[PDB]
Every structure is written in structure tokens, then in C-alpha cells.
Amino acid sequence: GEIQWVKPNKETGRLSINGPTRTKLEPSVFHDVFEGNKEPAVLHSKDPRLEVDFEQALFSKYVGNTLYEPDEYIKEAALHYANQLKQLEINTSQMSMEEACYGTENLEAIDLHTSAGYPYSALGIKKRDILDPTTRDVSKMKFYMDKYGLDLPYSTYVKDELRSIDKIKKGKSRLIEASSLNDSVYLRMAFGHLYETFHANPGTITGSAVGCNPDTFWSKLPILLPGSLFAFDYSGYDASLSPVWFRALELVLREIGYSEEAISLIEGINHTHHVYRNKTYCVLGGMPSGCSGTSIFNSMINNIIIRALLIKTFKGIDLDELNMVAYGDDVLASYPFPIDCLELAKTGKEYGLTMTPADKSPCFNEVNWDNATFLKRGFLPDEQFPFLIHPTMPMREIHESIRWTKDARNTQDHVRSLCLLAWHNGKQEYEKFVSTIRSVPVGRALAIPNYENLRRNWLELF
């Protein structure tokens, strides 16, 4: 991915946004009760904590573009995934706007609790202003769609969230690059049925883990990924993606039978305009962040990548024997034979992809189910019923998390959510968590869910 140019909103005519740059994150009542070293990300260019130029930092992610069109390896790979997808009988026909906006079972309604696109946010127009669940009415969307048209600029801002201290000195905050509501709708109408089938079928045919419930999906993983596990991390996957990968995506959408109008939406994602504060800028390559299907399209692309990467690195690779699932840049795969990720990484770099050992591991050692990590979580077999797999969120992340809050009124919901994540680590550590929570007068006033009851409920899911 690569910025092509920058121009003042003055010169482009694009509407700016007058944000304040103040974090909504406050130290919580457990702030100094639990241990941690993260704090609110740097939100503006003058944060006293910056040891660098902010804008500099924010955009370093755009490491450039290496391929603009697929070699043979990427073509052979796009086909196999497309082929594999065929057995899904995916509904290639357009979605009603009503469904696209208000949801279905297996396609959730547009979130009224996040920003509508450009120019809506700049003009102070809200999602709730246009959408109403009670009426499921689309005439006002059509009106706004007809008004502002399509292929609008991704309005762009810094994510208000906790960062490590090193990511805060180095100004490594993250961006939210929201598509305009117009394109979100138009996109969902074009691919909403594909989204449904992906949401309904997390697993090894889709190669997707999007919209999965780890509570239960985790147990299915060992079964879906037999043989020799492998896995790595990407350094700025999204921004590192070259246009070749969007070409390769159209290839797949076409083989599975999508129309040429649907397929033309992929370019408006490969090739984008952003408005950050008041400069507008063109990006070419890489995938945006608050874009619809962003997760699904990323995952699909990752499903191609791992392929191309394989048949190119090695010889005698049989792709029918590759098992993967992907969630954006997060991957887990298996294969009958061990796969050298030290090599994949070398060959992957030729493509502009920075790949590194899984779980920040010192090198590309064997990944086994004991160390393996996916959606941040590990895999812990239940002690009594070993075939049931616990999703394990590290306590360290939970500790980091409990020390802050965007709303002090919300301490009860905040804590039980963290408990719903924590107990999976085992009784001994769950109690150690609860006990340090209950080590403070506020914590004792709290209703905290009990271990064996949490577990019971979980059993009932199977």
C-alpha cells in the first residue's frame, strides 16, 4: 500500500472534521489495583509523550507496493480458493437495500453506534438520522445515496485505545478509515449474500473465522486443522497489501460467478481517498480499516496469500491438503508435512509482506496446540472433557484492560465481561483474578460470576 499524494482540503474542496483529540479513557477504580503499563494512544501531533513526529509515524505503515498484477503462482492460488468456494453455492445476486441496512440472520444490521461516512460526520449527520430499526425504512438512505453519490472518501481518524508505552513514544497509534455509509450500503448489497454464507460457515471451506464464537469454534479447530500446524504474524498486513492482491481478489470473485459491476467495487477499495483532519490524500494498495467486508475480504486475500506463498516457496505442495482459517491477518493452518515459515517469510517478503514468528516467538519454531494463538487466544483443553477446548485470553491483556474505562458508570458490565473471558484460563487463575478484584471495597460490592456456574453454561453450548 502506498500514498500517492497529499493536498490541503482547501485545494480539494473536501470537508474537514473538527475533532478534539481528547481520550475518553479514564483510570478505573482498579487502576492501581491491577498491574499494567499501557495507556491511551497518542491522539494528536503534540502529545507531550511523543519522541517523534506523529503524522510521520501514523503513515509509516504504507511501506509501498511491490506487485501490481499476479504472477503465475498468485493466479494458480486464486483459482484453488475460488474452486474450493464453489461448493458453498454462494448467492451471487444483489441484496435488497433493506437487508443490507437492517440485517438478516447471518448478516447483522449496520451499527448505528458508529460513524456514518464522509460527508455525514463532517456535516453532523448521524446514522440514526437516516436508519430506523423499528421501520426498516430505506427511502431516506436512497435519498442520501442519490444526493451524495458513491465512491466517497474514507474519512480518517486516530483510534482511541490503549497502547504499550513503546508504541506511544514511537507514535504508533492506529487509524480508523471509515467508508462513507453510502459505499457501505452499496457494498453490502453487492456482497451481502457472500457475507451471510461466510458468517454462517466459519471454518475450513470458507477459510474464514469471521463472526465465529470462540467459546465453541475453538473445539472445532483441532479437528479442522489436522497434521502439522503452522502460523506466523504480519507486520502491518493491511497497509502492506499490494494491488496485485486486489487483482487476485477480483479473479476469485469472478470465478465464483460475480457480475462485473460487483467486481468493480473492489477497485474503490484498492484505490482510495482519505480525509485526515484537513488534508486529503490518495492511497493505492493496502486495505482500509472501517470498511465493510474489510474482515471478510482480508481473510479471503489471506486465503490466497498462504497459497501463493506455498506453491512458490516449495515444490510438491498439494493445496487440497492445506487446511486454513483466517481472520484479517490472523492465520492458523495445518498441512500433512511441516512447513518452514523461515522460508515462506523470505518468499513472502518478495511480495512486500513482512512475516514474523507466531506469538512474537524468537524464531519460526514448531507451532503446537500448546503455544498456538488465534484471535489473541490460546487453546486449553478442558481438564475433565479434553475434547472441549477453552479459548484462553491471556490474563495480562485482561489486567491491562481492567485498569481503565471510557465510562465510570459501567464498572459492573465492564468487569463481568472480563470475567467471561478470564475463567477459561482455569479455576486456579480465575480465583486469583476474582480475589484481587475482591481485594477492594468496590470489588466486593460487585456481582461477580462464579466459576463452576460459568463452566456449566459453557458445557450447555455443546
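Start at 1 and count along the sequence shown; that's the residue number.
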Higher avg CA temperature factor (132-140 vs 374-382, as deposited) belongs to 132-140
Comparing 350-358 with 198-206, which has the greater mean CA B-factor as deposited? 350-358
Top residue by Cα temperature factor, when 271, 312, 159, 188 are compared in the entry: 312
Of the residues 238, 321, 330, 183, the one carrying the largest Cα B-factor as recorded: 321
Pull the Cα B-factor of residue 13 out of the PDB entry and bin it into the chain's lowest, middle or highest third. middle
Hey, what third does residue 217 fall into on Cα B-factor, ranked over its chain? lowest
What third of its chain's C-alpha B-factors does residue 19 belong to: lowest, middle or highest? highest
How does the C-alpha B factor of residue 316 compare with the rest of the chain: lowest, middle or highest third? highest
Split into thirds by Cα B-factor across the chain's modelled residues, where does residue 297 land: lowest, middle or highest? lowest
